[PDB]
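My numbering puts the first residue of the sequence shown at 937, with every later residue one more than the last. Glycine included, each C-beta is placed from N, C-alpha and C at the ideal position.
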Amino acid sequence: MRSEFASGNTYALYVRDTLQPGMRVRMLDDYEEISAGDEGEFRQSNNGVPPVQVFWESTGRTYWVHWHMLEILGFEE
């Protein structure tokens, strides 16, 4: 996947730059309460660590997700 990078942390970096509050996201991996295919919006992130604050639409819950499992659907505007 895009996390193809050696540790995949570069992917976290790549996405973090473009993922600003308002960029829509899709859950690419299935994890805990969240399920693969869930779609949501990027509210905010912790600018240096994996935890990202995303609001998932289909569930209706805000969750701290992981950069490497986020599919970008941004530029919706």
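Within a 10 Å sphere around the beta-carbon of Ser-943 sit fewer than 16 other beta-carbons, which makes this residue exposed.
Out of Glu-969, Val-951 and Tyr-947, the CA that lies nearest to the CA of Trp-992 is found in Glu-969. Of the other Cβ atoms in all chains shown, 16 or more fall within 10 Å of the Cβ of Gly-976; this residue is therefore buried.
Rounded to whole angstroms, the separation of the alpha carbons of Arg-979 and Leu-949 is 17 Å. When DSSP reads this structure, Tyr-950 sits in no beta bridge, so it has no partner. In the three-state reduction of the DSSP assignment, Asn-983 falls in the strand class.
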